[PDB]
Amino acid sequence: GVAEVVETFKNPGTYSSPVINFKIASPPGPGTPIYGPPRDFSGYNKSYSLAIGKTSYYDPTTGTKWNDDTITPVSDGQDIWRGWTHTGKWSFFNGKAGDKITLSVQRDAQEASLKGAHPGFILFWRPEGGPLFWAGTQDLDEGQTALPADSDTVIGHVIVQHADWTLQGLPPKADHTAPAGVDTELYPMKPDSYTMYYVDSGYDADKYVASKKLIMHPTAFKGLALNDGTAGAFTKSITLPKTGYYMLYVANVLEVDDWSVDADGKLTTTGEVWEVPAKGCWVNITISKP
């Protein structure tokens, strides 16, 4: 397509344009948060470690599915589980159109021998050119005049992995703008909407155990699978289509003997590959040039 998924703003709500944080590194679970340096990959040849939730990339626990209507046959694109926006981890970078870079994600050195990670990513372009403060959204509706440090808005709490992502019906904004280098006929700057433009996405499809399976759609994401023979890591060449500000989401795909979702939306599994101590696995994200 790619598909475009268009959300309706509601606050409080799932599609409330919540803030994400570029420093938070700790896994999901009952534990208090830990923060590290902000994940800014600008200039490239940079690398940061953080934890990602067990099923975060393709996540039945979200209770939310989308349909990719660009797929033929239509049925092959229906009932796609979303990812979880906040049990994955966010990063950003500034770059130039034509920059040829390499994105690699693998297990952090501290968990290098512990099986569990199958990292996946989504890369978005934000034509606005930088962090987008939007008054009246979930975390900016108490008189804030700017984003909190090292933070940015994204559309909602559950995320689509192979689509342009649009939010409309936002509290009207008079300074939703983009730099002059942006064609606002192709990339409109509306007073009540914004779009995170799909650039690329993919996940580590190399299984630790050949007999097992991934918690992953049977057909909708066949083009997203990355196979390099190494379980727990992927690497991919990306040529930036545009100059400006990019937002990168990384999250996990779980490997199991079997998995199921019951009528109450409860996820059950057996034979999980999950040897790490926490409810999230530690990975290192690197963007290299070349």
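All residue numbers refer to positions in the sequence shown, first residue = 1.
K.L.:
Averaging C-alpha B-factors over each stretch, which comes out higher, 16 to 24 or 265 to 273?
P.N.:
Here the higher of the two C-alpha B-factor means belongs to 265 to 273.
K.L.:
On average, which has the higher Cα B-factor in the deposited entry, 63 to 71 or 43 to 51?
P.N.:
Averaging CA B-factors over each stretch, the winner is 63 to 71.
K.L.:
Looking at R82, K115, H86, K213, which has the highest Cα B-factor in the entry?
P.N.:
Answer, based on the entry's C-alpha B-factors: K213.
K.L.:
Which listed residue, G156, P218, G202, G169, has the largest C-alpha temperature factor in the record?
P.N.:
By C-alpha B-factor in the record, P218 ranks first.
K.L.:
Among the modelled residues of this chain, does the Cα B factor of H162 put it in the lowest, middle or highest third?
P.N.:
It falls in the bottom third of the chain.
K.L.:
With respect to C-alpha B-factor, does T8 fall in the lowest, middle or highest third of the chain as deposited?
P.N.:
Answer is middle: the recorded C-alpha B-factor places it there.
K.L.:
Based on the deposited C-alpha B factors for this chain, I'd like to know if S104 is in the lowest, middle or highest third.
P.N.:
For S104, whose C-alpha B-factor we compare with every modelled residue in the chain, the answer is the middle third.
K.L.:
What third of its chain, lowest, middle or highest, does the C-alpha temperature factor of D141 fall into?
P.N.:
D141: CA B-factor falls in the highest third of its chain.
K.L.:
Among the modelled residues of its chain, does the C-alpha B-factor of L226 lie in the lowest, middle or highest third?
P.N.:
Its C-alpha B-factor, which the entry lists for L226, ranks in the middle third among residues of this chain.
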